[PDB]
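Asker: The structure is given below, and queries will be raised subsequently.
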Amino acid sequence: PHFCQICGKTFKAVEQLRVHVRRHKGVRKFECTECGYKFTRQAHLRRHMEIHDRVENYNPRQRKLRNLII
Amino acid sequence: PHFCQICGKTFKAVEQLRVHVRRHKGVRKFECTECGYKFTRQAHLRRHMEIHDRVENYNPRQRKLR
DNA sequence: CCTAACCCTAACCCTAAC
DNA sequence: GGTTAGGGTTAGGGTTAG
Ligand SMILES: [Zn+2]
Ligand SMILES: [Zn+2]
Ligand SMILES: [Zn+2]
Ligand SMILES: [Zn+2]
């Protein structure tokens with residue numbers, strides 16, 4: 001049947017797999033108003049804001065996402 | 001009472017020993033099976049292996065840290 | 001807290017030169 | 001021939017995001 005990729009589980013339907021491997025990736029849902037960087041956690045955005053507190057024109061590169069676990 | 005591990009100092013409360021373990025500079029716990037260099041981070045070992053593939057006979061010396 | 005990864009920099013090595 | 005300094009190389013660690 002439908003096989004996944006990130007971890008490898010035998011699934012039934014194609015719609016039961018999207019809701020599964022969709023939560024496998026953290027969604028970027030928190031945007032910095034200063035530099036437009038979108039974060040996966042609110043804590044990451046707060047911690048980020050503590051940088052603009054002491055750096056002019058800070059605009060960091062968008063890093064690769066890291067796979068979650070389930 | 002409970003003693004330490006890395007250095008091995010005598011410690012009373014456990015929280016003190018924890019926050020002491022937090023600050024220890026260079027803990028080399030990532031060893032290269034190819035040449036023996038003990039790296040302080042895994043990423044440094046990943047960076048080392050690439051050198052171990054660029055050339056053959058490579059056995060560097062354990063540096064003094066900062 | 002952890003780690004990953006960029007990145008600058010000190011520590012290293014080899015050797016020419018003094 | 002001891003000893004030092006220069007240029008290429010590599011590991012240490014600061015920093016910051018996932
Ligand atoms: Zn999966
Ligand atoms: Zn920002
Ligand atoms: Zn210790
Ligand atoms: Zn090695």
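Convention: chains lettered A, B, ... in structure tokens order; per-chain residue numbering from 1; ligands numbered from 1 as shown.
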Tell me, as a PyMOL selection string, which residues lie within 12 Å of residue C:11, counting only C-alpha atoms (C1' of nucleotides); anything in the same chain fewer than 4 positions away does not count.
Answerer: (chain B and resi 61-66) or (chain D and resi 9-12)
Asker: Just write the chosen residues, N, CA, C and O atoms (P, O5', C5', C4', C3', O3' and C1' of nucleotides), as an mmCIF file, in the first residue's frame.
Answerer:
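Written output follows (again21.cif):
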```cif
data_model
loop_
_atom_site.group_PDB
_atom_site.id
_atom_site.type_symbol
_atom_site.label_atom_id
_atom_site.label_comp_id
_atom_site.auth_asym_id
_atom_site.auth_seq_id
_atom_site.Cartn_x
_atom_site.Cartn_y
_atom_site.Cartn_z
ATOM 1 N N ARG B 61 47.536 15.977 15.175
ATOM 2 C CA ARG B 61 47.848 15.986 16.595
ATOM 3 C C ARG B 61 46.803 16.775 17.370
ATOM 4 O O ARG B 61 46.384 17.857 16.943
ATOM 5 N N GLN B 62 46.389 16.221 18.513
ATOM 6 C CA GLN B 62 45.412 16.842 19.400
ATOM 7 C C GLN B 62 45.853 18.249 19.782
ATOM 8 O O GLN B 62 46.858 18.424 20.480
ATOM 9 N N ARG B 63 45.116 19.255 19.326
ATOM 10 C CA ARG B 63 45.499 20.632 19.583
ATOM 11 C C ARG B 63 45.140 21.039 21.008
ATOM 12 O O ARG B 63 44.308 20.415 21.673
ATOM 13 N N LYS B 64 45.797 22.095 21.480
ATOM 14 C CA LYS B 64 45.390 22.747 22.715
ATOM 15 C C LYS B 64 44.251 23.708 22.400
ATOM 16 O O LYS B 64 44.314 24.453 21.418
ATOM 17 N N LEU B 65 43.204 23.673 23.216
ATOM 18 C CA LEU B 65 42.016 24.470 22.950
ATOM 19 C C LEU B 65 42.216 25.887 23.487
ATOM 20 O O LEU B 65 43.322 26.289 23.860
ATOM 21 N N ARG B 66 41.139 26.663 23.526
ATOM 22 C CA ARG B 66 41.215 28.072 23.893
ATOM 23 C C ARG B 66 40.576 28.339 25.254
ATOM 24 O O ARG B 66 41.265 28.658 26.224
ATOM 25 P P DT D 9 45.899 25.166 1.152
ATOM 26 O "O5'" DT D 9 45.802 24.705 2.683
ATOM 27 C "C5'" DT D 9 46.790 23.840 3.223
ATOM 28 C "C4'" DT D 9 46.324 23.202 4.526
ATOM 29 C "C3'" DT D 9 44.853 22.795 4.586
ATOM 30 O "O3'" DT D 9 44.763 21.567 5.275
ATOM 31 C "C1'" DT D 9 45.332 24.223 6.381
ATOM 32 P P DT D 10 43.397 20.730 5.297
ATOM 33 O "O5'" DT D 10 42.958 20.787 6.828
ATOM 34 C "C5'" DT D 10 43.898 20.447 7.829
ATOM 35 C "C4'" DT D 10 43.406 20.853 9.204
ATOM 36 C "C3'" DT D 10 41.950 20.499 9.510
ATOM 37 O "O3'" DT D 10 41.866 20.048 10.855
ATOM 38 C "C1'" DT D 10 42.285 22.767 9.894
ATOM 39 P P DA D 11 40.692 19.062 11.330
ATOM 40 O "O5'" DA D 11 40.457 19.494 12.848
ATOM 41 C "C5'" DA D 11 41.553 19.531 13.753
ATOM 42 C "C4'" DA D 11 41.400 20.668 14.749
ATOM 43 C "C3'" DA D 11 40.141 20.628 15.616
ATOM 44 O "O3'" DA D 11 40.429 21.254 16.834
ATOM 45 C "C1'" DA D 11 40.105 22.578 14.355
ATOM 46 P P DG D 12 39.769 20.752 18.204
ATOM 47 O "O5'" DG D 12 39.586 22.113 19.011
ATOM 48 C "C5'" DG D 12 39.774 23.345 18.331
ATOM 49 C "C4'" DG D 12 39.470 24.509 19.241
ATOM 50 C "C3'" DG D 12 38.295 24.291 20.168
ATOM 51 O "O3'" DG D 12 38.384 25.189 21.267
ATOM 52 C "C1'" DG D 12 37.675 25.742 18.380
#
```
Asker: Would you mind listing, as a ChimeraX atom specification, all residues of chain D that have at least one atom within 12 Å of chain A, where only C-alpha atoms (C1' of nucleotides) are what counts?
Answerer: /D:15-18
Asker: Between atom CA of residue A:8 and atom CA of residue A:25, what distance in Å does the model show, to one decimal?
Answerer: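 Computing it gives 14.8 Å between the two atoms.
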Asker: With DSSP run on the backbone, what are the strand (DSSP E) residues within chain B? I'd like them as a list in words.
Answerer: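 Strand (DSSP E) members of chain B, listed: residues 2, 3, 10, 11, 30, 31, 38 and 39 of chain B.
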Asker: If we count only C-alpha atoms (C1' of nucleotides) and set the cut-off at 10 Å, which residues sit around stretch 13-16 of chain C, ignoring sequence neighbours fewer than 5 positions away in its own chain? Please answer as number ranges by chain.
Answerer: B: 60; D: 5-9
Asker: Those same residues, written as a JSON list (two decimals), in the first residue's frame with C-alpha atoms (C1' of nucleotides)?
Answerer:
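The resulting file, result-v3.json, is reproduced below:
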```json
[["chain", "number", "residue", "atom", "x", "y", "z"],
["B", 60, "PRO", "CA", 46.88, 15.05, 13.05],
["D", 5, "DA", "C1'", 58.58, 34.03, 10.58],
["D", 6, "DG", "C1'", 55.26, 33.49, 6.49],
["D", 7, "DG", "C1'", 51.74, 31.27, 3.93],
["D", 8, "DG", "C1'", 48.35, 27.29, 3.41],
["D", 9, "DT", "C1'", 45.33, 24.22, 6.38]]
```
Asker: Find, counting only C-alpha atoms and all ligand atoms, the residue in A:34, A:50, A:15, A:56 that gets nearest to ligand 2.
Answerer: A:34
Asker: Given a cut-off of 12 Å, what residues near ligand 1 show up using only C-alpha atoms (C1' of nucleotides) and all ligand atoms, put as a PyMOL selection string?
Answerer: chain A and resi 2-11+16-25+67-70
Asker: Separation of atom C1' of residue C:6 and atom CA of residue B:54, in Å?
Answerer: 21.8 Å
Asker: Would you mind listing, for every residue of chain C within 12 Å of chain B, the two atoms forming the shortest contact and the distance between them in Å to one decimal, using only C-alpha atoms (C1' of nucleotides), sorted by chain and ascending residue number, as a Markdown table?
Answerer:
```
| residue | atom | partner | partner_atom | distance |
| --- | --- | --- | --- | --- |
| C:1 | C1' | B:22 | CA | 9.6 |
| C:2 | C1' | B:22 | CA | 11.9 |
| C:3 | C1' | B:42 | CA | 9.2 |
| C:4 | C1' | B:43 | CA | 7.7 |
| C:5 | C1' | B:43 | CA | 8.4 |
| C:6 | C1' | B:43 | CA | 11.8 |
| C:9 | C1' | B:66 | CA | 11.1 |
| C:10 | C1' | B:66 | CA | 8.1 |
| C:11 | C1' | B:63 | CA | 6.8 |
| C:12 | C1' | B:63 | CA | 7.9 |
| C:13 | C1' | B:60 | CA | 9.7 |
```
Asker: What residues have any atom no more than 7 Å from ligand 2 when counting only C-alpha atoms (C1' of nucleotides) and all ligand atoms, and can you list them as a PDB file with C-alpha atoms, in the first residue's frame?
Answerer:
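Printed below is selection-v4.pdb as written:
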```
ATOM      1  CA  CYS A  32       9.170  38.657  12.457  1.00  0.00           C
ATOM      2  CA  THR A  33       7.665  42.066  11.771  1.00  0.00           C
ATOM      3  CA  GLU A  34      11.142  43.638  11.584  1.00  0.00           C
ATOM      4  CA  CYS A  35      12.856  41.408   8.998  1.00  0.00           C
ATOM      5  CA  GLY A  36      10.090  39.104   7.747  1.00  0.00           C
ATOM      6  CA  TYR A  37      11.692  35.866   8.916  1.00  0.00           C
ATOM      7  CA  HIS A  48      15.033  36.149  17.477  1.00  0.00           C
ATOM      8  CA  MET A  49      13.646  39.534  18.504  1.00  0.00           C
ATOM      9  CA  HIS A  52      17.271  43.124  16.692  1.00  0.00           C
ATOM     10  CA  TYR A  58      19.751  42.340  10.987  1.00  0.00           C
ATOM     11  CA  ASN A  59      18.298  40.120   8.251  1.00  0.00           C
TER      12      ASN A  59
END
```
Asker: Quick check, in Å to one decimal: how far apart do atom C1' of residue C:8 and atom CA of residue B:50 lie?
Answerer: 20.2 Å
Asker: Could you report the residues within 12 Å of ligand 3, using only C-alpha atoms (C1' of nucleotides) and all ligand atoms, as a ChimeraX atom specification?
Answerer: /B:3-11,16-27
Asker: Give as an NGL selection string the residues surrounding ligand 4 up to a distance of 6 Å, considering only C-alpha atoms (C1' of nucleotides) and all ligand atoms.
Answerer: :B and (32 or 34-37)
